[PDB]
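# Understanding the architecture of this molecule
Below, each chain spelled out in residue letters.
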Amino acid sequence: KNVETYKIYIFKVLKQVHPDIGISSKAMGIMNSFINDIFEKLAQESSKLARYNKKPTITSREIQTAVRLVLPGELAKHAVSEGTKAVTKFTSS
Amino acid sequence: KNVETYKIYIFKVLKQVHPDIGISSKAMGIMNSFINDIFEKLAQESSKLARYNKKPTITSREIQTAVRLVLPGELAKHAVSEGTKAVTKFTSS
Amino acid sequence: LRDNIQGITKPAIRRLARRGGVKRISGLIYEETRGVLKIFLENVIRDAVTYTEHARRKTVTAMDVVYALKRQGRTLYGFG
Amino acid sequence: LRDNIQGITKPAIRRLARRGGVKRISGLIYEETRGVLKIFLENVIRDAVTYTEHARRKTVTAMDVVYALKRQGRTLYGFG
Amino acid sequence: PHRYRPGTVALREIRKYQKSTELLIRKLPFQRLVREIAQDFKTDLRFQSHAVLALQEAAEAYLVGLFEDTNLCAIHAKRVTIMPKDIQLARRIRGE
Amino acid sequence: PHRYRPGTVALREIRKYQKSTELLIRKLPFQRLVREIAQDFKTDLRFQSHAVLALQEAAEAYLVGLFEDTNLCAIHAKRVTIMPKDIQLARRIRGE
Amino acid sequence: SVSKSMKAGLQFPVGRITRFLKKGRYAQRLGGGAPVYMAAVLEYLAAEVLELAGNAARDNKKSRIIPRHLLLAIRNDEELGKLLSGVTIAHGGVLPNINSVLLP
Amino acid sequence: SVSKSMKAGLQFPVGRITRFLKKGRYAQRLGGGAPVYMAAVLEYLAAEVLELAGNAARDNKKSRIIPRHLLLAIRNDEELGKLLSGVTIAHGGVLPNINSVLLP
DNA sequence: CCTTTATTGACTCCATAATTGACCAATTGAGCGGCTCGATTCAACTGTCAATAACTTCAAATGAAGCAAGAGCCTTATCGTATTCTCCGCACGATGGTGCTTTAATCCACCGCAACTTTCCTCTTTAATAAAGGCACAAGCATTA
DNA sequence: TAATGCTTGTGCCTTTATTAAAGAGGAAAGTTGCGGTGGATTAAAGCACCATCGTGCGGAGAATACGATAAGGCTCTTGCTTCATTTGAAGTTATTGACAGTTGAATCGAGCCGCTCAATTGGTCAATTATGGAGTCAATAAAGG
């Protein structure tokens, strides 16, 4: 059975930030677990936000509010800025 | 809009335990919040249990395991005993 | 609004310490206790306001405060 | 199995204290540190076993331990 | 004149305030403080009264628990007077 | 003869063990301890090896954090020697 | 028509709990006995807390349960105190305790 | 066929994240831009952690990121340390710190 | 121990408001049928965990000796406490105004469903070079003089 | 300061194993079309939150006399550290076997979906009884003698 992991995409991101630095298998597993954990946190917060407001759908606004609730401070600011940029790029195309 | 609470059923339970003792409105709200919080905890634990085992349904077994995970010690033992009694009574009828 | 943190008077902090079982209180506690309190509120109100901003409302309800508290492991019964 | 709690030897506890930044260690620490450790394990293994009992399995996996730890606010990366 | 020794009326106050369930902070100054703090997150905010009451009760519970921890830390150092370092140690161990 | 004063080799060990990432508890005694503890919850249990490794790493992380808190408590009472009361106070403030 | 709560011998609303479980979308499907188990557990917990609170109220020579009695019942019990350790009861106060060092 | 990640200018799998969001049943319906927003946020967090870890690895004169470098990057950063305060990194060790009192 | 004084709890009378009881509707739980999926059982394959034996050598146990750190005792001086006077702004009651929250209708717009395509991401296999093991070695440090 | 043991940091050979690179396929993402359900807009009631004014009185602020508590200094004695020797138990390697986890199929049970409807529960209003406000007395405890 093929297992879904971010080990591909994470590696891509690494080659965009540090082209000459590799990553070990243990560190790759730790990074994959980190991505999974943050995904679950954001998704659960978005679900709670949708349920509190009696909304059946999760939009980018729910994700933005979940990012503000979960990530601290400047991390949340930069993440919101990147998410808004990506959504604008996706919609404009 | 009609607001839905447990304030009826809890009162019934009180009259079964302490027939001569009443309950105030503030204590009524506190008990209702307590019941809602425990319901949410057990339901979320059951959902996590079903998701972990790739099961689409929540059975009384998921609820029993969630009770064991959430309630501590003798509380969990007695709650499991009560739930098993209720399920047996419901099925036998 | 300014200086409102000074509205948490020394007798109020002393009463809160008495409820905590404190028999003797140093002179500089009242300052520290204020700052600590401020931090706590800034952690809750922010979250509460966030909820108020998501519901597209302008009034902060008791539900917003209860959810903001529950988000931090400070569940509060009696306002649900 | 009995007496296996004594397998957590005094040098092991001393190394754990050194990694924690401890310079001097009292004589009775090694006993207390054992009991504390035992309690911790009993809180995790139980939960882990519970998961193993729900999946109708007889073998405790790393997933069971990871979930049992996450249930207690002790999230552990590297075994996911 | 009748003078109580230090720490006697303090013990009486400990017994009196641990038995009551009332709020210990004045309501209007706390309301002003909450509005001041919230004005830095979103200007022109309105507060439902029960929201401010919930905030006050949560803050008072937090401070009472913190003072219990502070008293434990003070007694650890062979003292009866709580000091700012005790609050700092309690908040550090608590994870704050 | 050449002898180090007390607390020097202790500081060197602090620097050495804070730099390494290895496990500090022996694997086989810990495995026996885990099997002993689990035998009281369900007889005839089997343990996957990575499960025991995860348990060991979690337990070691917990003990190291507890010892950091214990060292803070010991420093608070104007001492350098950690004592059982320090562990008890740290676990009390931590909520255990 | 025999209500499910009466069929299970409970006072709590098995049907309403079924609706709450389905509305929350905790799983795609819901078993027949899951709401019954839910109702039984909730009823037992409510009965336990109310027993302790009523005993506390009787000890105080009061015939009505107030949040103070609920807090006393919760904090004077090991299991309930462990379950509700991180919970604040409104208008509940604190457990009366003074450290032995502070006493004269 | 232009992939949604290429459309949004991301390296992360917008489609796979959409599948994960739908499979997790977090809501009845999923908006068009919610997976894109989530992918952007996850990509940014991964980039931040990897930048800090690569800097830590370079400071140690190593060309490979190991769990020790990830832990050093996490603990030496205020906001990442706040986000991952209750997280244990396997084979990560601890941040080297000795109290001033213990020093000679 | 005694004696005086301040505090607090019990006891009762009166107000009071707060919980209990009763009624109308509203809305939702129970019933019944059809149907598709899922979870139960069975079986085989196959992965791996418990157990064995052997050998080694490194870390644990134990003791000696040493030293310095915790704990008890004493002294002091300063600083939190109990009390009183005075002052001041919190709180309760009544009232106006307005803005903003909720509800309902309407329209449009966008997302789930279903099937086809096509492409990219994941086991399996092979290579190669970064780093641990080991050896040699320099130097910053601690220790006693 | 200074000589000297000493441990840790630094430089180089080795190898290896742990990561970089590549392929077949198959599982999953992108596309297209439809249609219905949900979000966005607008208007209106009413209600709820802000601001005003008055007052009067209980709580806050400031000063005073002071005692007792925290902090520093001293001493000592014992408990923990450092080091050396002996051993005994963990660690690694190779092997066995049997248990149990996983995958694949059939199938019978069971829960979703629609629609009716009637039985249960919630909003609204009157009301009495447990509880608070206030006054008075009796018991308890603290502080000086």
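Provided above is the structure to which this section pertains.
The present account deals with the structure reproduced in this document.

Quick notes on the rules
- Residues numbered from 1 in each chain as written, not as in the entry; some residues may be left out.
- Chains lettered and ligands numbered in written order.
- Heavy atoms only, no water.
- Contact = heavy atoms within 4.5 Å.
- Buried area = accessible area lost by both parts, 1.4 Å probe.
- Salt bridge = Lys/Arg side-chain N within 4 Å of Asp/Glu carboxyl O.
- Polar contact = N/O pair within 3.5 Å; in protein donor to acceptor, adjacent residues only side chain to side chain.
- Helix = DSSP H or I, 4+ residues; strand = E, 2+ residues; numbered from the N terminus.
- Nonpolar A, V, L, I, M, F, W, Y, C, P; charged D, E, K, R; others polar.
- Buried < 20%, exposed > 50% of the residue type's maximum accessible area, 1.4 Å probe, protein only.
- Near = heavy atom within 4 Å.
- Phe/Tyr/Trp six-rings, centres within 6.5 Å; stacked < 30°, edge-to-face > 60°.
- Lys NZ or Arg CZ within 6 Å of the ring centre and 35° of its normal.
- Expected span 1.5 Å × (residues − 1).

### Some words on the arrangement of the chains
The closest approach of any C-alpha atom in chain A to one in chain F is 13 Å; the two make no contact. Note that chain C does not reach chain H: the shortest distance linking a C-alpha of one to a C-alpha of the other is 13 Å.

### Some thoughts on the interface of chain H and chain A
Where the parts come together, the accessible area they lose is often given as the size of the interface. Between chain H and chain A, the residue contacts involve 55 residues of the former and 55 residues of the latter. Both faces considered, chain H and chain A share a buried interface measuring about 5,100 Å² in area, 73% of it formed by carbon and sulfur atoms. Counting across the interface, chain H meets chain A through 2 salt bridges. Ionic pairing is found between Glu4(A) and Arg19(H), a salt bridge with its closest N-O pair at 2.6 Å. Where chain H touches chain A, the interface holds 18 residue pairs in polar contact. Contributions of two or more residues to the side of chain H that touches chain A are made by α1 (4-8), α2 (14-23), β1 (29-30), α3 (34-59), β2 (64-65), α4 (67-75) and α5 (78-83) of chain H. The element contributing the most residues to the side of chain H that touches chain A is α3(H), with 19 residues. When its residues are assigned to classes, the side of chain H that touches chain A shows 33 nonpolar, 10 polar and 12 charged.

### Some points on helix α3 (residues 60-70) of chain A
Among the 11 residues that make up α3(A), 9 are buried, leaving the element largely enclosed by the rest of the structure. Within α3(A) the residues assigned to the buried category are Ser60(A), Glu62(A), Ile63(A), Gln64(A), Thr65(A), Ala66(A), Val67(A), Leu69(A) and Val70(A). In this fold, the buried residues of α3(A) make contact with α2 (25-52), β2 (57-58) and α4 (74-92) of chain A, α2 (29-54) of chain C together with α3 and α5 of chain H.

### Things to note about the protein's contact with DNA strand I
Surveying the vicinity of DNA strand I reveals 73 residues, the closest of which are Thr8(F), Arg35(F), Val80(F), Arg19(G) and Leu30(H). Among the atoms of DNA strand I lying within 4 Å of the protein, the sugar-phosphate backbone contributes 99%. For DNA strand I, a phosphate oxygen lies 2.8 Å from a polar atom in the backbone of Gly27(C). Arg32(E) is positioned with one of its side-chain polar atoms (N or O) 3.0 Å from a phosphate oxygen of DNA strand I. When residues of the surface near DNA strand I are assigned to their parent elements, the largest contribution, 5 residues, is made by helix α1 (residues 8-19) of chain E. Broken down by class, the residue content of the surface near DNA strand I amounts to 20 nonpolar, 21 polar and 32 charged.

### Points about the packing of aromatic side chains
A full pass over the atoms with the stated rule returns 17 aromatic pairs over all chains. The interplanar angle of 20 degrees and the centroid separation of 5.5 Å between the aromatic rings of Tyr6(B) and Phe12(G) together place this pair among those described as stacked. A residue pair is termed interchain when its members come from two chains, as with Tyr6(B) in the segment before α1 (7-17) and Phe12(G) in the loop between α1 (4-7) and α2 (14-23). Residue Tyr6(B) is classed as buried on the basis of its relative accessible area, which comes to 2%. Given a relative accessible area of 0%, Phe12(G) falls into the buried group. Three or more aromatic residues joined by ring pairs form one cluster here, namely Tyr6(A), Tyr9(A), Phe39(A), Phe12(H), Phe20(H) and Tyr26(H). In this structure, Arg12(E) is placed above the aromatic ring of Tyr4(E), and the distance from its NZ or CZ to the ring centre is 4.9 Å. Lying over the aromatic face of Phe90(B), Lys7(G) brings its terminal NZ or CZ to 4.5 Å of the ring centre.

### What to know about helix α3 (residues 49-76) of chain E
In this model α3(E) runs 41 Å from its N-terminal to its C-terminal C-alpha over 28 residues, within 8% of the 40 Å that 1.5 Å per residue would give. Note on α3(E): the residue one or two positions beyond its end, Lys78(E), has a positive phi of about 55 degrees.

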